[PDB]
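Engineer: Dropping the structure in here first, questions after.
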DNA sequence: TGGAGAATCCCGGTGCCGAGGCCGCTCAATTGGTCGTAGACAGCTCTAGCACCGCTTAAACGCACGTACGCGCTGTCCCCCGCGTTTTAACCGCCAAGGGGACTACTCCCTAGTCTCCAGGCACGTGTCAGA
DNA sequence: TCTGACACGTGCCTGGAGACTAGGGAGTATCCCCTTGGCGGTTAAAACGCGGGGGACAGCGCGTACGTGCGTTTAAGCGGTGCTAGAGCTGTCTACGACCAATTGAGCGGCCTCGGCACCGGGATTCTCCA
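Now the structure itself:
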């Protein structure tokens, strides 16, 4: 049949998901994660829809920026594959612990 | 005799991480500060404490940048720092577009 | 009502792949996903803790959008579009 | 004129030794001089703005401290 | 006419005016010329100074609560929670008063349904003190008039009684647990019910 | 009296001078607020709004869209150097990112 | 006629000037009104933070066998504690120095 | 209270055939509020440094030079001084 | 010029009695006290402006301490502030 | 190098949902006047910043040697991409319950304002003890 | 073993504390929209398996570029003198901004309408890989 070489569909996904404006994580699992994180701080807590939407937008933008820095750390080490040490280096240089 | 290449560097690392003295000479840094400030406003007086504060800030910034540069150089399986390490460490913190 | 446990697995592996595709990543290792889940959990704890603090200062039970916006502007991550 | 060459190669080597650097390239020094020039340009420009707001011809340590505080580089020990 | 009550009935203490003000039809005359014929089902009693939940606790003589201490049976509308109102009426002596809580109508429900709106079932049309204030076109201007004069609202004589605990005052103090809310047994139109206090 | 002229009308501005004066007075910034400060700040705000909106309109025209969506504002901010420097710690909601694929990832 | 002038820091059991914190809060354009317990609370928080810094700095000075707190001791005190390093991450201490840290790949085998 | 009609007026002054969406207007409202908060806080801090209890056009002018980058600062100073000169002469 | 030097003397002699201090160390501690004071006061001002309150009270300072200070530091600072406020309001 | 097949772009039609204009009103901006007071402006002091010379000596610079390290090439084998099938639960719609928040009078305590006064805190002389 | 920077004691001064009042800011006082929980069909998407290919990674040679050492230069650094811009404070006076009363008009909520754009479908045009 037909089969694409490894990396063509990845570049197509890069173009497709950099052209779009959507939120990439599914809404209900992120909402449930927000509930289970907030239940460790104060019980019987309610959330508006816009608060969960704001948390999702901020977290997705933070993860996209972290993945850009992670990709540049991978390119610096003569690699095209991102690894946990890349994320650790990016967070260490940014000052996050 | 002749020492091995690297042990005098380690001795310098050990002896320059204990002292709190200022590593750039005072008069060249003062001349650099006046040369930079000549572009902004003409005939500026400078307090001595202003030049000392600028020297402390510049030395701290360069030492933190060299720490991030060393992390980038170690990340790429090296011990010799290169300008691409400086450029990566400044781009991750946001100092370079 | 009940207790919620192990909801970090809802941040699926294709979701992390799609967020890395937007970040320009061509090839992703298999150990990336757990680190990304931990990073997201740390970030969400740091933002939701400040949002809960802003909510408890106002003596309310509901977390508004402005509480999250103030909790993000607290951390130098100002968000435009949810009021301000 | 010049005055960036006064930040000499042993000074940059000493700063790298304080940072923990074991071996340094020969192209590090010009890049470090450029980065130091950019940082000093930003802080000195903000300090001159604070000085010329106060109608003074003298840059004080207060102006440098406030210029550093604006960039997120808060410096204790000089009256901040 | 003969179907109007006088001032002789209102010379009662706090708890009998809580008890003997049941089954009397509260009829309000709004200026369209129509009647309501609404009979109340439950009341509440505030003793005044010794009652910790009353508005006149410890000899309070605020100028808002001024239509109480000149004669028994003086009507008193008081504003609550911004827009809402409540129906207090004084008893014999200073401080003692009874509050109107809930009523059921036999006719005129269409006019009260129309006037209720600024989802509209008969069970929740006037099940509440602010609900009956908003269903009777009662404003803050009714404080200056009594119960038994001229052409405004009055009461009509009609043809078991269960005492429930206080709900909405909090679990604090000493006078917040006395049974003073008397309501009719078996009625499904009661706003605040007590399934454990019905067995005496 | 005379005809009531808005301070924005005599300052040649569309942004409100009076609202900026009220927000400076009620913002607990200083004990006193001068007369020229709301005029000056309304001019600065109008200039920055015009600079973002011009590039956002150009980005909407390049996408064959009459209306301005958040993506056009993101492309306006992150393509200008000075606006991206001013808004470097700002996330625009429903804005996405710039299309940027690295050279070493593209095939040869 | 007037009673004994008892300071507010003695009423609060504190050592920082509650009156100076109140005056600095009133003139700092933070709010139109400033409550009574806010300078007491803020002076207590500042005194606790000063006490923690001086504990760790005196411990660092005693470890270096000298009886005087120098800025190197304050830098060691701040950076050797995780929470004080988190609070003072964007802070440069003058005459402060750095921690002795050599990575494992730089040390000889 | 929002800056919606003023942003729409500026948009029709700049791009007369281009509209806007509700989310974009919310973002522009947030941008105007953020820049206002930045410049007003900088001017308050500048007045607190120089022992002044007033905020004048000079305070906002040096606050704009502190906050905005180069060409943005120069042009924002240009229309700010133009607006102050037009306000004082009319 | 007013400063916090004698109070740093008092705290240091309370907790490290046979230990002196330098002048640059006092400048650093004075700048540290000023920085933390400005941080907590600005956070309390923001908390008052968000809730449409014109008064800064002990609750806003407590919430500012919870927002700014890290975990165990925040818990102990809230404990010390609550102890000081209860001792101040108890004694008249 | 040509050609098959998948993906992507272009064009035409449809419908809906929200931007955009109109209108009444009401709340906040404008106008006019008054009243203190912050700050502009001139002046004087004297502080500290700049300009310059000598010297001595630690640091910087140029050069030689060489060995450690960056870097290009090579082999391998592990891990991840691409794709197909199967299974899970996310998304949508509807509905009911119940706590939680809008919401505005009221009324009371608390905090600004002001006078007085006095003691804590700041500037300055003294010896004195830790660190080079 | 010296010496200079910090601890200690004294005098004045100014701002913080006691005390009283005014008024305004904040706490408190049922009901209805908002959020949450559940049911249920639908299907979009996650999950698992498997082949294979290509990239991470270890090994190796080599060639050169920094490290280190040493002689020579050079200008930082310290001391000292001299001088004048300019910070810093004070006094005076007046322009300017807070504050308030009356007026009025522009912005905001409510309402209604039609066009921009998302979507669907078919066909033309890249575009990627393999014999």
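Residue numbers (the deposited numbering), protein chains in the order written: chain A, 38 to 134; chain E, 39 to 135; chain B, 19 to 102; chain F, 23 to 102; chain K, 82 to 199, 208 to 248, 255 to 295; chain G, 11 to 118; chain C, 10 to 118; chain H, 32 to 121; chain D, 31 to 122. Backbone N, C-alpha and C fix where the C-beta goes; we use that ideal spot for every residue, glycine too.
Check this for me: beta carbons of residue 107 (chain A) and residue 127 (chain A), under 9 Å apart or not?
Structural biologist: The Cβ atoms of residue 107 (chain A) and residue 127 (chain A) lie closer than 9 Å to each other.
Engineer: So, helix, strand or coil for residue 168 (chain K), using DSSP?
Structural biologist: strand
Engineer: Can you tell me where the beta strand (DSSP E) with residue 121 (chain K) in it begins and where it stops?
Structural biologist: According to the DSSP assignment, residue 121 (chain K) belongs to the beta strand (DSSP E) that extends over 119 to 127.
Engineer: Taking the straight line between their C-alpha atoms, what separation do you get for residue 112 (chain D) and residue 51 (chain C)?
Structural biologist: 10 Å
Engineer: Against chain H, does residue 83 (chain F) count as a neighbour if the rule is that its beta carbon must be under 9 Å from one of theirs?
Structural biologist: no
Engineer: Which residues in chain A sit within 8 Å of residue 33 (chain B), going by Cβ to Cβ distance?
Structural biologist: What residue 33 (chain B) touches in chain A: 61, 62 and 63.
Engineer: What are the boundary residues of the alpha helix (DSSP H) that includes residue 115 (chain K)?
Structural biologist: First-last for residue 115 (chain K): undefined, no H or E at that position.
Engineer: On the criterion of 16 or more Cβ atoms from any shown chain inside 10 Å, does residue 72 (chain C) qualify as buried, or is it exposed?
Structural biologist: exposed
Engineer: Determine the contact status of residue 104 (chain F) and residue 94 (chain E), defining contact as a CB-CB distance below 9 Å.
Structural biologist: Here chain F covers residues 23 to 102 and nothing more, so residue 104 (chain F) does not appear.
Engineer: Below 7 Å between beta carbons is the criterion; list the residues of the segment 57 to 88 of chain F that meet it against any residue of chain H, in chain order.
Structural biologist: 68, 71, 75, 76 and 88
Engineer: Just to make sure I have the definition right: I need the residues of chain F whose C-beta is within less than 8 Å of the C-beta of residue 67 (chain D). Which are they?
Structural biologist: Neighbours of residue 67 (chain D) on chain F: none; closest Cβ ~12 Å, over 8 Å.
Engineer: Taking all protein chains shown into account, decide if residue 164 (chain K) is buried (16 or more other Cβ within 10 angstroms of its Cβ) or exposed.
Structural biologist: exposed
Engineer: Which of the three DSSP states is assigned to residue 102 (chain H) in this structure?
Structural biologist: Looking at residue 102 (chain H) - three-state DSSP - the assignment turns out to be helix.
Engineer: Report yes or no: do three or more beta-carbon pairs, one from the segment 111 to 123 of chain K and one from the segment 44 to 59 of chain H, lie closer than 8 Å?
Structural biologist: no
Engineer: With DSSP collapsed to three states, give me the class of residue 186 (chain K).
Structural biologist: Looking at residue 186 (chain K) - three-state DSSP - the assignment turns out to be strand.
Engineer: For a quick check, are the C-beta atoms of residue 237 (chain K) and residue 109 (chain K) less than 9 Å apart?
Structural biologist: A distance of 9 Å or more separates the beta carbons of residue 237 (chain K) and residue 109 (chain K).
Engineer: Looking only at its chain, what residues have a beta carbon closer than 7 Å to the beta carbon of residue 264 (chain K), apart from the 5 residues adjacent to it on each side?
Structural biologist: 134 and 271
Engineer: Three-state secondary structure (DSSP) at residue 258 (chain K)?
Structural biologist: strand
Engineer: Identify, in the order they occur along the chain, each residue of the same chain with its Cβ nearer than 6 Å to the Cβ of residue 97 (chain B), setting aside the five sequence neighbours on each side.
Structural biologist: 87 and 90
Engineer: Considering only the beta carbon of each residue, do residue 285 (chain K) and residue 122 (chain K) sit closer than 9 Å?
Structural biologist: yes
Engineer: In three-state DSSP terms, what is residue 277 (chain K)?
Structural biologist: strand
Engineer: Taking the alpha carbon of residue 129 (chain K) as the reference point, which residue from K:90, K:92 and K:169 has its own alpha carbon closest?
Structural biologist: K:169
Engineer: Interface residues of chain G around residue 48 (chain A) at Cβ under 9 Å?
Structural biologist: 111, 115, 116 and 117
Engineer: Might you give, ordered along the chain, the residues of its own chain that have their beta carbon closer than 8 Å to the beta carbon of residue 291 (chain K), omitting 5 neighbours on each side?
Structural biologist: none
Engineer: Could you check where the beta strand (DSSP E) with residue 160 (chain K) kicks off and where it finishes?
Structural biologist: That run of the beta strand (DSSP E) goes 156 to 161.
Engineer: Please confirm if residue 43 (chain D) has its CB atom under 9 Å from at least one CB of chain F.
Structural biologist: no
Engineer: Using three-state DSSP, classify residue 83 (chain E) as helix, strand or coil.
Structural biologist: In the structure shown, residue 83 (chain E) sits in a strand (DSSP, three-state: E or B).
Engineer: Which of helix, strand or coil does DSSP assign to residue 245 (chain K)?
Structural biologist: strand
Engineer: In chain A, which residues lie with their C-beta within 9 Å of the C-beta of residue 98 (chain E)?
Structural biologist: Going along chain A, no residue has its Cβ under 9 Å from residue 98 (chain E), so there is no contact; the nearest lies around 14 Å.
Engineer: Going by the beta-carbon positions, is the gap between residue 42 (chain G) and residue 28 (chain G) smaller than 9 Å?
Structural biologist: no
Engineer: Is the beta carbon of residue 62 (chain C) less than 9 Å from the beta carbon of residue 85 (chain C)?
Structural biologist: no
Engineer: Leaving out five residues before and five after residue 81 (chain B) in sequence, what residues of the same chain have Cβ atoms less than 6 Å from its Cβ?
Structural biologist: Answer for residue 81 (chain B): 69 and 73, listed in chain order.
Engineer: Applying the 10 Å Cβ sphere with the 16-neighbour rule, what's the burial state of residue 115 (chain A)?
Structural biologist: exposed
Engineer: Where does residue 111 (chain C) sit, in a helix, a strand or coil, going by DSSP?
Structural biologist: coil
Engineer: Rounded to the nearest angstrom, what separates residue 24 (chain G) and residue 93 (chain G) at their Cα positions?
Structural biologist: The alpha-carbon of residue 24 (chain G) is positioned some 22 Å away from that of residue 93 (chain G).
Engineer: Starting from residue 80 (chain H), find everything on chain G with Cβ-Cβ shorter than 8 Å and list it in chain order.
Structural biologist: None at all; the shortest Cβ gap to chain G is about 12 Å.
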